[PDB]
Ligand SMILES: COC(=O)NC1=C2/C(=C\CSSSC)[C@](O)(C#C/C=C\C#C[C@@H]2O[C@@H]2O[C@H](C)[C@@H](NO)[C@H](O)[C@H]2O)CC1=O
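Just one chain is shown here, as structure tokens, and it is the form deposited without the named molecule.
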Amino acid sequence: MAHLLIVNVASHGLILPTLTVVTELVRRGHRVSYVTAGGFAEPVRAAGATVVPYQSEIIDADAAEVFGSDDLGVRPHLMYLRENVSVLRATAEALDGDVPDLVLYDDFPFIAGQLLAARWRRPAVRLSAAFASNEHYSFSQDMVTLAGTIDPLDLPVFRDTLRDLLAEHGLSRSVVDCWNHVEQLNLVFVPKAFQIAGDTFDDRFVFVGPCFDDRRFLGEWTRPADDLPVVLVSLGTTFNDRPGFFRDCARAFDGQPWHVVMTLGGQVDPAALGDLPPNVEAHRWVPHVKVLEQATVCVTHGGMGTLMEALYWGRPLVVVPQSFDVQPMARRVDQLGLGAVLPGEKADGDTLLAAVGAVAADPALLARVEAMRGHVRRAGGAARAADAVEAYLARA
């Protein structure tokens, strides 16, 4: 009954929750256009969607290095607008003659998303792979706050670039109303129980939780031979250039009654770690969902995708936040008592060893992890998202 456009940027965290949703909507006779770049085109086409390529900077940008350049975060902010503009121009060109009935856009390209919907006079849907935002809670604000950057709107060049962009595309919305625009429908990839201030989000928000595959394109992983409890250890895909962290982890678990699956996420080359104990392994990539299924503890920097996949299986958590983008999750896990949180420096090998053992042996924590798993399960998934999408089409 529809041609659905998904507006997104080139990032694992933002695309992976989307895949099984695409496959479900397509299963129901809908047709999907998907904005993406580079190697992401491959899994996106496999989910059933037609790929609309665009030129991305962020795809091979070094996050740590970008946020390091200057002390106000001008470089991050301006790259943000560029990625949005690059996405806006490429989608319009491709689909100006094939107008979608429904524009769905991730938080990141939300400027391009609003402008596209306005340009075509089409209903819109927002997708959140992290925490959702409303009048009470802004995932964006405490992003700025924690990151230490300048407010984007306090940055004259950013503000003017945006004002000229809205003006050009004639969107009848002011810069501030645009930046703080709440969409009529929002698909969020966490349970409401986990969402910060989740009790405050109304009907416009649908908390469907993690949506995932076997994800064979991230490789495959098979239960070990030593039959030791399995600990997943990963720093994600973004701020993951930390051979020190991984090497110290391998050392601490050397001879310990655990089997460690280490995930480098594309930065550190396994070889750069040197030799690992027999109970410790390291990959550029393995499907977290595949390790976590057989796992006992999950050690993660706090990436949402990894947290929700771990909680899906009721795995006690050890969160090792190394960057700002992940701190709200880590704060939320700590306050829900879903695991131990070792922020930055504190996440050394030895401390990480005591934490892994501690949370694996805590009956009260395990009581909370099991219950939360229950909310994740009773959360929609790809099926409930597609339902919302189809009900939304109806009202339009």
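So that there is no doubt, residue numbering starts at 1 and follows the sequence shown. Between two forms, the rigid core is the largest collection of C-alphas that superpose within 1.5 Å. Shifts are known only where both forms have a C-alpha.
When 299-307 is weighed against 162-170, 162-170 comes out higher, by mean CA B-factor as recorded in the entry.
Once the C-alpha B-factors are averaged per stretch, 290-298 and 312-320 rank with 290-298 first.
Annotation for 104, 206, 249, 235: 249 ranks highest, by Cα B-factor. Taking the deposited Cα B-factors for 386, 379, 15, 372, the highest one is held by 379. When all modelled residues of the chain are sorted by CA temperature factor, residue 239 is found within the lowest third. Remark: residue 145 belongs to the middle third of its chain, ranked by C-alpha B-factor as recorded. Residue 39 sits in the highest third of its chain by CA B factor, as recorded in the PDB entry. Split the chain's modelled residues into thirds by C-alpha temperature factor. Residue 221 is in the highest one. In the PDB entry, residue 259 places in the middle third of its chain by CA B-factor.
In what follows, reference is made to the form solved in complex with the named molecule, a form of this protein that is not presented.
Of the candidate stretches 169-177, 249-257, 85-93, 70-78, only 70-78 has residues with heavy atoms within 4.5 Å of the named molecule in the deposited complex. For the candidate set 108, 207, 245, 194, a heavy atom within 4.5 Å of the named molecule in the deposited complex is found for exactly one residue, namely 108. Taking a 4.5 Å heavy atom cutoff to the named molecule in the deposited complex, the contact residue among 324, 137, 313, 120 is 324.
Among heavy atoms of residue 10, none comes within 4.5 Å of the named molecule in the deposited complex. Residue 14 belongs to the set of residues with a heavy atom inside 4.5 Å of the named molecule in the deposited complex. By the criterion of a heavy atom within 4.5 Å, residue 143 is counted among the residues contacting the named molecule in the deposited complex. Although the partner is absent here, residue 100 sits far enough away that none of its heavy atoms falls within 4.5 Å of the named molecule in the deposited complex. Although the partner is absent from the chain shown here, none of 32, 389 and 394 has a heavy atom within 4.5 Å of the named molecule in the deposited complex. Moving regions between the shown form and the other one, defined as 3+ consecutive residues each with a CA shift of at least 2 Å after core superposition, come down to one: 225-227.
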